[PDB]
Each structure stands twice: as C-alpha cells, then as structure tokens.
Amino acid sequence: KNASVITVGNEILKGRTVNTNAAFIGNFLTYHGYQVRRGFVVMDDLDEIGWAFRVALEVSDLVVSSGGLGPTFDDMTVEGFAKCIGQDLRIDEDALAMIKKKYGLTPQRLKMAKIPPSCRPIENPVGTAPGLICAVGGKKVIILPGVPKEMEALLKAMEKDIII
C-alpha cells in the first residue's frame, strides 16, 4: 500500500521548527509496510489544506496529517479536510465529552469537538485535541495534533487501523 504524509503549520514552512513529525510518521508507516509516496507541507489555510488532502487521497490508500488541531482559529485542518470531502462539520457528542474532561468551554474550545460524519474521534492520552480517523471510500485518513508527544501517543494508539 501507498501512504502520504501532510504537515500543516506555517512554523514548519518557515523553518522555525524542523519537521520531526513527518520523520516519525514516515518511519512508522514504512515499518508497517507502506510506501510513503509524498510529503506535503502547507499553511494553516483551509483551502491549502483541502488541496493537500485531495491530492494525497488521489495518490495513496492511507493519508496521515499532523498539525492544525488546537483551540486556536489558526487550527484549520479539520475544516480543510471537510471542505475536501464536501461534508459539513458537526459537534460530536463523544468528542464533546472528551473535551469536557480535559477542562473540568468557549467557542474556540468547542470547535475541537466538531467533526465530519466520516470521522471517528480518538481520545488524546497526552493533550486535549482528539485525533480523527476517517473513511473516504475505501481509503483511510488519520488526522493528528502537531505536538510531537501527542502525535506519537495517538498514532501508536491507532496501530490496528494501520496494520496491513
């Protein structure tokens, strides 16, 4: 199988931060028997993100993204994904319950529970933003936070969804 990796974040493009997430993702996917075909790095911009998901989906069976998931309005990954697949976001009650725990919540916080119907939320064992696994036809998309420790914990949590 083929996989593609997406990195969402202006700080990566500007070289403020070395893209360690893409290396961890690529190595994890390669270890599991995937050909990692392409890497896309895009701005926090919902149309740029939508474009990357669309091309990634065309050339692979599995697409993994990191970045653009927090409570900030710079976090546009899920929206970009939803625009790509042509589905509205809905506040998910399961995600909402996850968020509530973490906090004991404003619009920017509530935003983190909004997902397309195509996605299942995966609880974040380290931070706040749930990961997403989505089905787009027979293909799979995994959407991860940008914080390395969260990304790593979540991707390992999702191994059985990855194993070929």
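Counting begins at 1, following the sequence as shown.
In the deposited sequence, the stretch from residue 104 to residue 105 hides 1 to 3 residues that have no coordinates.
Per-stretch averaging of Cα B factors for 1-9 and 153-161 places 153-161 on top.
Mean C-alpha B-factor is higher over 93-101 than over the other stretch, the pair under comparison being 133-141 and 93-101. Based on the entry's C-alpha B-factors, the most elevated value among 26, 127, 50, 67 belongs to 127. Annotation for residue 60: C-alpha temperature factor in the middle third relative to the rest of the modelled chain, per the entry. Ranked by Cα temperature factor within the chain, residue 108 sits in the highest third according to the deposited record. Among the modelled residues of its chain, residue 121 has a C-alpha B-factor that falls in the middle third, as given in the PDB entry. Residue 115: CA B factor in the highest third of modelled residues in this chain (values from the PDB entry).
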